[PDB]
Amino acid sequence: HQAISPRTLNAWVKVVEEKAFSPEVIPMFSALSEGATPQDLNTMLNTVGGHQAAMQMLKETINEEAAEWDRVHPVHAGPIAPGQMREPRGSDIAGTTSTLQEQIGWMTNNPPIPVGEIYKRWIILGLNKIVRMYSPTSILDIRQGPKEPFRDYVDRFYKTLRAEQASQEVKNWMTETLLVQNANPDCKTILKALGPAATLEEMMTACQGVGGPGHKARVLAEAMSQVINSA
Amino acid sequence: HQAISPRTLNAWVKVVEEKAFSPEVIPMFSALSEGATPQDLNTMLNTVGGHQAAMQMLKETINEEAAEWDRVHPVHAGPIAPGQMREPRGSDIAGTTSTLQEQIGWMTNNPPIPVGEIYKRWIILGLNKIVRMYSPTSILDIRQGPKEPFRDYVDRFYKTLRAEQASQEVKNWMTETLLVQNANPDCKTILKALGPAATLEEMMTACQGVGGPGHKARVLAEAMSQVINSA
Amino acid sequence: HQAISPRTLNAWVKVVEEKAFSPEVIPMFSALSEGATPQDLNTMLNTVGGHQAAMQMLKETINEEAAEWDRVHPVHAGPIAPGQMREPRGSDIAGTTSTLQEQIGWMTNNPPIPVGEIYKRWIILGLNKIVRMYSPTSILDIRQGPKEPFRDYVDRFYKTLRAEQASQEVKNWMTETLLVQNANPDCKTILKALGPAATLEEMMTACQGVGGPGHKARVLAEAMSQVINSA
Amino acid sequence: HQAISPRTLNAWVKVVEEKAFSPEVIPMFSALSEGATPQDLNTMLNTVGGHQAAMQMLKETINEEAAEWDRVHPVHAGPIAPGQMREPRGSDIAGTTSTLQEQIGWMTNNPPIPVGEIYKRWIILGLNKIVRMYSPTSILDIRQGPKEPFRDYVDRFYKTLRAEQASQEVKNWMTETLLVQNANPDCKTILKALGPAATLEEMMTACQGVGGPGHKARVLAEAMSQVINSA
Amino acid sequence: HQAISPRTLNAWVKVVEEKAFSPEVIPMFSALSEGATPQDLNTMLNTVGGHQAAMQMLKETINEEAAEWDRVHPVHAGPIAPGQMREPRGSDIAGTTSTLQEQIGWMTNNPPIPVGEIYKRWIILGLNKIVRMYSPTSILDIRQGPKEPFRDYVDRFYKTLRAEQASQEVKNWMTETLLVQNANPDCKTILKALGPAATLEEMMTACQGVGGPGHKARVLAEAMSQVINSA
Ligand SMILES: O=P(O)(O)O[C@H]1[C@H](OP(=O)(O)O)[C@@H](OP(=O)(O)O)[C@H](OP(=O)(O)O)[C@@H](OP(=O)(O)O)[C@H]1OP(=O)(O)O
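Residue numbers (the authors' numbering), protein chains in the order written: chain Q, 12 to 242; chain R, 12 to 242; chain P, 12 to 242; chain A, 12 to 242; chain M, 12 to 242.
This is the structure:
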């Protein structure tokens, strides 16, 4: 038995966190899981932080693969044998309903049953599906909607920034730069009307009125003022 | 067995209520629960008042750690009569399906199984996740939305006040200082138009028409008249 | 032997990377290494990515502590074969010249020798020294010197960016918003006159002459012309 | 023993030279070394031409992995002569202190010790580190410093060209189109005034005085004359 | 054996940290180490924090004294097993190659060998040399060089402040009242023009160009304009 080492698992986690789910994660995984048991592969998968939608898609793909294996490979009545090794099922290959001893026995039996390799193939199918379909979210993509309240936008921005992979200084710089930048024009003009030294609460109070009756009437009157004056 | 004392439990409760879930709770916990059985740790956790979201995240982390323990650690189906002590499961370490005597036996038998230490590590992981992800709400954060009715804002304000950790006089001071200050400009203009001695019912009646047809027509007409008289 | 779990080790790594070496790492380490062997502690220390200066200072502190332990504690001349084990030394406590079985034997023998606890104390002393003395480097701190060539500053910036913990999109935004901003005034004037659409190669070509005879003559002539025109 | 074929090894060398150390080298390496002994992997690594810094980082990563393997895996005191082989160490897995026969015995014995697979994992970790941190040098990146003498820049350019992978005609075209282009403005002015037919010796003679007292005085006088004539 | 008490050792540490290495440390040391073994003397010396240069000079003096003792005192060839002990050497007196039991036996045997007294004399000679030749560094002595970049001076200032023995509030006050004051005139002019409310990053940005072509040209132009206007 050669269980996955802390350095290898950490390298896998850093690869996933640095490349998000770019295609380059597919080779790295295959390179960091050679000879791995299904338990080691499950440890690799469960240690990933974030990307909950991607892991959900991966779990769905693994479940479909296990169901297909169960369909194609029938169960046996289970007669006793001198070796008495039960035939693995989809859950056994996925490691959900099997122990490390059972996986090792299957992998080192004669003839061998490479449950680890089948599970790797399932995980690679899921990873390819993730690469095709999943697009990671970023603090750079958090923009205020045309009618979204400024408080809701600030809450979304801070929720995304809390899960962002960056240092605290970088996160403070992101707050100083992108929050006002990615606001909608109605709130952005008010924010620019305020000084650059305004604290968060002052911006919240300033934009608390955007989309209300008073602000709507004020902007409508300001727009009509130009057309009246030009006439 | 030195169970947790009422003084230590009370001190933990005050630490949680005073520092919300700032990083400072992690040392205090580690200092107030050394040598504690999983039952004592559960008693410490369940005594926390409020912070239901943080408690939910902590429970999710604890369940994840227990599931990972169950996955990695196999369960033997053969009972042994000499030294009859079952191997703890994840829920047994978490104290959900284990008794105090069983936890003491695990913490005392040779070789020791530090169920309390493992549970404490799981709780610390959950607390670190809470510190990273959880932001407690305060009465200072209850602001009226631009399109939110004043009655709904008042209901939210009083619901948050009822859960605020403060004395009654402080709560009345917050009611008299923050309810009008943290309202949207459309309602705040009407509230300032009313006298400072206006009651809650008068304040609600005055703002009952904000966002309605009459109030919107009135503000639009006021803005139009201002810009027309400017010309 | 309750060896450190993959999730605990990964959580330690993320704590170190997220908090750099702020004091908050000290409570986490103590909470994540309770009951750990010197081998486990060395595994936690060796898995830290980056912060080479901090790890060097930690290793120096550990070496001083081991040397002091060796100075205070003398060796024994005659080994006791029956029912006795070798007395640990500084390197044995630090795990450099010790095996996991020997460490477990020391912690399990009566009377116990808490080699893990002594090593934890040494590591905490080193971590406190790091917190006092070490300041991490950031991409935000990379600024062009008054006389530094623009190529050298760009090389330093890109090295720090490659070492930075961030997503690729965030790194691209960092390059787009930090490289020109943190340049010196002599290069910043040319970069701003070049336009926002300029590429990196165009920017380096435009600043290739800053500090050369022609650039110095040109800026001196501009200043002289201004002061003569004022006269 | 399926030793690496000359065509496979040459294809690996061409992959490394063509792609530098882009991520694409990782899938190819794993594809070209599957089933390889540590000796074959060492032959693959040692045949790489150039990229001395990248090979140094790879060797450092391999050394760290071997040291960690030695730390985790203790040695055995008493050798077993009948029907047993020496347990591999970090250097044995890396192939530094191991022979091909011992490697084949390890990957063939029951239970197998996949020394080739472990060494492949270490090399893949090093390659990932290279991909993250290493940027290859190119003749296109050789530029004259603002105060660098033209002779030194020409020497650097010709050294890089000698190290460049290109045909002799292509290298001549690079000399004819890149040396003058990537010179600093002070030298570029003189080179352009010299004419396209100027030889290398003529260009180096013409720029021999850039940065000297006479050249600086002349350029300062030209700028001063321009600004005085404007007045 | 009257080993040095924790209060005595801590008092010695406070004496060194308060008086730096003024002559006053010599009477205190002799008063705080009377009757001490070489081990206690080494514990007193090694616990001193900071003053690395002074400790280096002290160790050099101790090594010189040990070498002179070894030169003057020859070794003995034939050991005397019954009723005799090894004759101390220079390193034995210094405690480097001696154990506490041997030191006590030397200071107790008849005739006594005052290894503690000899080592005290050596340490006193080293301390006298330190008082004569060593001057401690202070945050008050950190000044910007006439040509030193402002960033380098800020880095030196913050390193010295981190190494300074003061409270955090005192360190903040030192930063607020010493950084600008001890800057060179070229940077001080810009810092004063920036205003007292300027932040550290703003101050570094404002002084990023001092010593560059533009700043030199501008100051030369200002001086030239002044003298021309006088004419
Ligand atoms: O606030 P209400 O009195 O109930 O009227 C609203 C309002 O239209 P007006 O302010 O022009 O009267 C909305 O404007 P927004 O707040 O969304 O900007 C509009 O929504 P849209 O202009 O975006 O479509 C919506 O619907 P609609 O104009 O289609 O009628 C309309 O609702 P009602 O007049 O039906 O109540």
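Where is the CB? At the ideal position from N, CA and C, for every residue including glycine.
Buried or exposed for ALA232 of chain R, please, with buried defined as at least 16 other CB atoms from any protein chain shown within 10 angstroms of its CB. Locating residue 232 of chain R in the second sequence gives position 221, counting from the first residue. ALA232 of chain R is exposed by the Cβ-count criterion.
Would you call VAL26 of chain P buried or exposed, if buried means 16 or more other Cβ atoms sit within 10 Å of its Cβ? For the purposes of this step, residue 26 of chain P is identified with residue 15 of the third sequence, where counting begins at 1. Buried is the call here.
Per the contact definition of three or more C-beta pairs closer than 8 Å, is the segment 82-93 of chain A in contact with the segment 129-148 of chain A? Contact between the segment 129-148 of chain A and the segment 82-93 of chain A is absent, because fewer than three Cβ pairs lie under 8 Å.
Near-chain P residues of the segment 148-179 of chain Q (beta-carbon distance less than 8 Å), N- to C-terminal order: Of all residues in the segment 148-179 of chain Q, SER149, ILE150, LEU151, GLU175, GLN176, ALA177, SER178 and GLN179 have a Cβ within less than 8 Å of some Cβ in chain P.
Which one of R:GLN67, R:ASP103, R:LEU69 and R:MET68 has the shortest CA to CA distance from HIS84 of chain R? For the purposes of this step, residue 84 of chain R is taken as residue 73 along the second sequence, with counting starting at 1. The option with the nearest alpha carbon to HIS84 of chain R is R:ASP103.
Output, in chain order, the set of chain R residues within a Cβ distance shorter than 7 Å of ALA31 of chain P. The residue given as residue 31 of chain P occupies position 20 in the third sequence. Simply none; closest approach about 14 Å.
Verify the contact flag: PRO224 of chain R, CB atom, against every heavy atom of ligand 1, threshold strictly below 7 Å. Mapped onto the second sequence, residue 224 of chain R falls at position 213. Yes, ligand 1 has a heavy atom inside 7 Å of this Cβ.
First through last residue of the alpha helix (DSSP H) which encompasses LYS25 of chain P: By one-based count along the third sequence, residue 25 of chain P stands at place 14. Residues 17-30.
Taking 8 Å as the cut-off, decide whether the C-beta atoms of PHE32 of chain R and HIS62 of chain R are in contact. As a position in the second sequence, residue 32 of chain R is number 21, starting the count at 1. As a position in the second sequence, residue 62 of chain R is number 51, starting the count at 1. Cβ atoms of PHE32 of chain R and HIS62 of chain R: closer than 8 Å.
Would a C-beta distance cut-off of 8 Å place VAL181 of chain Q and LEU151 of chain P closer than the cut-off? Taking the first sequence and counting its residues from 1, the one referred to as residue 181 of chain Q is at position 170. Taking the third sequence and counting its residues from 1, the one referred to as residue 151 of chain P is at position 140. Yes, the pair counts as a contact, with Cβ atoms nearer than the cut-off.
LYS227 of chain M - containing alpha helix (DSSP H), residue span: Here residue 227 of chain M refers to the residue found at position 216 when the fifth sequence is read from its first residue. Note, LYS227 of chain M: alpha helix (DSSP H), 224-241.
Alpha carbon to alpha carbon, what distance is there between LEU136 of chain M and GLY46 of chain M? By one-based count along the fifth sequence, residue 46 of chain M stands at place 35. By one-based count along the fifth sequence, residue 136 of chain M stands at place 125. The straight-line gap from Cα to Cα measures roughly 18 Å.
Quick check on the burial criterion: 16 or more other C-beta atoms within 10 angstroms. Buried or exposed for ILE239 of chain R? The sequence position of residue 239 of chain R within the second sequence is 228, counting from 1. Exposed: under 16 other Cβ atoms inside 10 Å.
Counting contacts by CB-CB distance shorter than 8 Å, is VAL221 of chain Q in contact with chain R? On the first sequence, residue 221 of chain Q is found 210 positions in, with the first residue counted as 1. At least one chain R Cβ lies under 8 Å of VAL221 of chain Q.
Between the C-alpha atoms of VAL24 of chain M and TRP80 of chain M, what's the straight-line distance to the nearest angstrom? Position 13 of the fifth sequence holds residue 24 of chain M. Position 69 of the fifth sequence holds residue 80 of chain M. The alpha-carbon atoms of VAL24 of chain M and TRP80 of chain M are separated by roughly 29 Å.
Could you check if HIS12 of chain P is buried or exposed, using at least 16 other CB atoms within 10 Å of its CB as the buried criterion? Taking the third sequence and counting its residues from 1, one reaches residue 12 of chain P at position 1. Exposed, by the Cβ-count rule.
I'd like to check one pair, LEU20 of chain P with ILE134 of chain P: are the Cβ atoms closer than 8 Å? Sequence index remark: in the third sequence, residue 134 of chain P carries index 123 (1-based). Sequence index remark: in the third sequence, residue 20 of chain P carries index 9 (1-based). Result no, Cβ atoms of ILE134 of chain P and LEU20 of chain P do not sit closer than 8 Å.
C-beta atoms of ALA78 of chain P and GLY94 of chain P nearer than 8 Å: Sequence index remark: in the third sequence, residue 78 of chain P carries index 67 (1-based). Sequence index remark: in the third sequence, residue 94 of chain P carries index 83 (1-based). It is not a contact, given that the beta carbons lie outside the stated cut-off.
Roughly how many angstroms lie between the CA atoms of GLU175 of chain P and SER109 of chain R, to the nearest whole one? As a working mapping, residue 175 of chain P is identified with position 164 in the third sequence. As a working mapping, residue 109 of chain R is identified with position 98 in the second sequence. The straight-line gap from Cα to Cα measures roughly 46 Å.
Interface residues of chain P facing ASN139 of chain R [CB-CB closer than 8 Å]: As a working mapping, residue 139 of chain R is identified with position 128 in the second sequence. Near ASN139 of chain R (Cβ distances below 8 Å), the residues of chain P are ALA22, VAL26 and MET39.
Identify whether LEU190 of chain R lies in helix, strand or coil by the three-state DSSP scheme. One-based indexing of the second sequence puts residue 190 of chain R at position 179. In this structure, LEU190 of chain R counts as coil in the three-state DSSP scheme.
Between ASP197 of chain R and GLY225 of chain Q, how many whole angstroms is the CB-CB distance? I'm expecting something under 8 Å. What you label residue 197 of chain R is simply residue 186 of the second sequence in a count that begins at 1. What you label residue 225 of chain Q is simply residue 214 of the first sequence in a count that begins at 1. With 8 Å as the limit, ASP197 of chain R and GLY225 of chain Q qualify as a contact, their Cβ atoms being about 5 Å apart.
For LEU111 of chain A, name the three-state secondary structure that DSSP assigns. The sequence position of residue 111 of chain A within the fourth sequence is 100, counting from 1. Looking at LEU111 of chain A - three-state DSSP - the assignment turns out to be helix.
Interface partners of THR188 of chain P on chain Q, CB under 8 Å: Residue 188 of chain P sits at position 177 when you count from the first residue of the third sequence. Those are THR188, listed as they occur along chain Q.
Given 7 Å as the limit, tell me if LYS70 of chain Q has its C-beta closer than that to any heavy atom belonging to ligand 1. Counted from its first residue, the first sequence places residue 70 of chain Q at position 59. No, Cβ of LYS70 of chain Q sits at least 7 Å from all heavy atoms of ligand 1.
Assigned secondary structure, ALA105 of chain R (DSSP; H/G/I helix, E/B strand, else coil): To locate residue 105 of chain R, count along the second sequence from 1; it is residue 94. Correct three-state label for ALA105 of chain R: helix.
Hey, would you say the C-beta of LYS30 of chain P is under 7 Å away from at least one heavy atom of ligand 1? Reading the third sequence from its first residue, position 19 is the one you call residue 30 of chain P. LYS30 of chain P Cβ: outside cutoff for every heavy atom of ligand 1.
By how many angstroms is the C-alpha of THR200 of chain R removed from the C-alpha of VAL165 of chain R? In the second sequence, residue 165 of chain R corresponds to position 154, counting from 1. In the second sequence, residue 200 of chain R corresponds to position 189, counting from 1. Their backbone Cα atoms lie some 16 Å apart in a straight line.
Residues that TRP184 of chain Q contacts on chain P, provided the C-beta gap is smaller than 7 Å: For the purposes of this step, residue 184 of chain Q is identified with residue 173 of the first sequence, where counting begins at 1. Near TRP184 of chain Q (Cβ distances below 7 Å), the residues of chain P are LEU151.
Between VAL36 of chain Q and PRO38 of chain A, what straight-line distance do the alpha-carbon atoms span, to the nearest angstrom? Here residue 36 of chain Q refers to the residue found at position 25 of the first sequence. Here residue 38 of chain A refers to the residue found at position 27 of the fourth sequence. Roughly 11 Å separates the two Cα atoms.
Tell whether a beta-carbon distance below 8 Å holds between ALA42 of chain P and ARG132 of chain R. What you label residue 42 of chain P is simply residue 31 of the third sequence in a count that begins at 1. What you label residue 132 of chain R is simply residue 121 of the second sequence in a count that begins at 1. Yes, Cβ-Cβ distance for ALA42 of chain P and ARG132 of chain R is below 8 Å.
Can you look up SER41 of chain Q in the DSSP assignment and give me helix, strand or coil? Within the first sequence, the letter at position 30 stands for residue 41 of chain Q. Helix, per DSSP.
Backbone CA spacing between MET215 of chain A and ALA234 of chain A [nearest angstrom]: The residue given as residue 215 of chain A occupies position 204 in the fourth sequence. The residue given as residue 234 of chain A occupies position 223 in the fourth sequence. For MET215 of chain A and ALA234 of chain A, the distance between alpha carbons rounds to 24 Å.
Helix or strand or just coil, what does DSSP make of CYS198 of chain R? Numbered from its first residue, the second sequence carries residue 198 of chain R at position 187. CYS198 of chain R falls in the helix class under three-state DSSP.
Where does the unbroken alpha helix (DSSP H) through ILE124 of chain P begin, and where does it stop? Here residue 124 of chain P refers to the residue found at position 113 of the third sequence. Counting along the chain, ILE124 of chain P falls outside any alpha helix (DSSP H), and DSSP gives it neither H nor E.
Go to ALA77 of chain A, then tell me how far its alpha helix (DSSP H) extends in each direction, as first and last residue. In the fourth sequence, counting from the first residue as 1, residue 77 of chain A sits at position 66. 63-83 is the extent of the alpha helix (DSSP H) around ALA77 of chain A.
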